[PDB]
Amino acid sequence: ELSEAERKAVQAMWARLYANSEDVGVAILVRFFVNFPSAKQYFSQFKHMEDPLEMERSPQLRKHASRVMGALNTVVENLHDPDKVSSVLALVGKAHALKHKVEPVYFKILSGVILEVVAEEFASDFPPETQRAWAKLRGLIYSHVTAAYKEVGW
Ligand code: HEM
Ligand SMILES: [Xe]
Ligand SMILES: [Xe]
Ligand SMILES: [Xe]
Ligand SMILES: [Xe]
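Note that the deposited numbering has the sequence shown beginning at 18, numbered continuously upward.
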């Protein structure tokens, strides 16, 4: 699926991202929660927050951003090892299905926001090959997370 060079393009860009994983990750989630306020129903501490300026200062938001960024870090850094990606993504899916009861589609939506922000951030380093690499990564995330929702009885 993901080629050598495509793996390498994602990984090189992810490293530039992760150098401010904390700012990037909350910016992403703030954007997500601003543009899809329905997604915020699952978070006790900011379900009724509207102000982006407050959302950005929320510890529960910031914690989720840090944990999402950590999981995807595991995925991106280990794209060469398909079994560590399956297991990370299966843990995540199952958790979201059962612990948190999150509709799977919000994964699609969040991923679209991620892609929007990565494109903005690397606008001067986003050639078709690199767009393709990210699109495949996004699609692979959704497959494994979908498969996990089915495995558990969603
Ligand atoms: C790439 C996509 C995502 C990843 C990798 C991810 C990962 C995680 C991780 C590692 C945790 C902490 C461990 C756990 O409690 O399961 C967590 C917690 C949580 N996640 Fe996500 N998540 C993602 C997307 C989402 C989405 C789309 C939602 C809902 C719209 C969501 C809702 C929650 C909730 C409600 C918690 C518990 C938060 C808390 O206890 O404060 N996650 N997530
Ligand atoms: Xe994120
Ligand atoms: Xe990612
Ligand atoms: Xe990201
Ligand atoms: Xe993504």
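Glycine included, C-beta positions come from ideal geometry on N, C-alpha and C.
query                                                                                                                          : result
When every heavy atom of ligand 3 is checked, does at least one fall within less than 7 Å of the C-beta of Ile126?             : no
Please classify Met72: does DSSP put it in a helix, a strand, or coil?                                                         : helix
Can you tell me whether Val162 sits near ligand 4, meaning its C-beta is under 7 Å from at least one heavy atom of the ligand? : no
Please indicate yes or no: does the CB of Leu89 lie closer than 7 Å to some heavy atom of ligand 3?                            : yes
Could you tell me whether the stretch 66 to 73 touches the stretch 34 to 54, using the rule of 3 or more Cβ pairs below 8 Å?   : yes
Tell me whether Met66 sits in a helix, a strand or coil according to DSSP, three-state version.                                : coil
Determine the closest residue to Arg33 out of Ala88, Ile158 and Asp142, with distance taken between C-alpha atoms.             : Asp142
Any heavy atom of ligand 5 within a distance shorter than 7 Å of the CB on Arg79?                                              : no
Whole angstroms is fine: what's the gap from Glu23's alpha carbon to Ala150's?                                                 : 5 Å
Tell me the DSSP secondary structure of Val41 in three-state form.                                                             : helix
Between the stretch 79 to 88 and the stretch 35 to 47, are three or more C-beta pairs nearer than 8 Å?                         : yes
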